[PDB]
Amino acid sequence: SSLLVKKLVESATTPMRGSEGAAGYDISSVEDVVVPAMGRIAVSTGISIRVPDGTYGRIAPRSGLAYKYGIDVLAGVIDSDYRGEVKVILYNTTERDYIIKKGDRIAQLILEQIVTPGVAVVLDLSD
C-alpha cells in the first residue's frame, strides 16, 4: 500500500512529492555526472524501491530539464518485484552537454495503476 524505499548510500534522498496534487515523487541524483551532447547515461539514485502491488513505478521526465535542456527519459519501467537500484537513463537530445550535481532532481516516480489479467487467444477481437 505505502511506497517502500531502501536507502543505499549516504546522500540518498527519500522520494517525496513536490505538492498535494503532484503526480509523482522526486527522484534525484546521488552522483555528479554529465549527460553528453547527443548522448545518454544511467544516473545513480542511491535507492531501491517497491511500488505498491497493482501498479508499477514509471520514471517520468521532469518538465524543466526537458524544455530547457532537451533531456529525454529512456526506459523508465520499474516492475513491482524488482529489488535493484533505480537507474535513470537520460538522453541528451542537444548538441550541448548537460551537467548533473548530487542532489539534483533528475526525474519523477509516478505510481501508475495497471492490470495483469491472464491472456486468452481468439480469432476475432471484435463483437
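Start at 1 and count along the sequence shown; that's the residue number.
Trainee: For the higher mean C-alpha B factor in the entry, choose 36-44 or 94-102.
Mentor: The recorded data point to 94-102.
Trainee: If you average the Cα B factors in the entry, which is higher, 26-34 or 84-92?
Mentor: So the stretch with the higher mean C-alpha B-factor is 26-34.
Trainee: For the C-alpha B-factor as written in the entry, point me to the maximum among 50, 58, 62, 68.
Mentor: Comparing C-alpha B-factors across 50, 58, 62, 68, the maximum falls on 68.
Trainee: Check the PDB entry and point out which of 113, 14, 108, 19 has the largest C-alpha temperature factor.
Mentor: It is 14.
Trainee: Considering every modelled residue of the chain and its Cα B-factor in the PDB entry, is residue 123 in the lowest, middle or highest third?
Mentor: Its C-alpha B-factor, which the entry lists for residue 123, ranks in the middle third among residues of this chain.
Trainee: Split into thirds by Cα B-factor across the chain's modelled residues, where does residue 8 land: lowest, middle or highest?
Mentor: It belongs to the highest third of the chain when residues are ordered by C-alpha B-factor.
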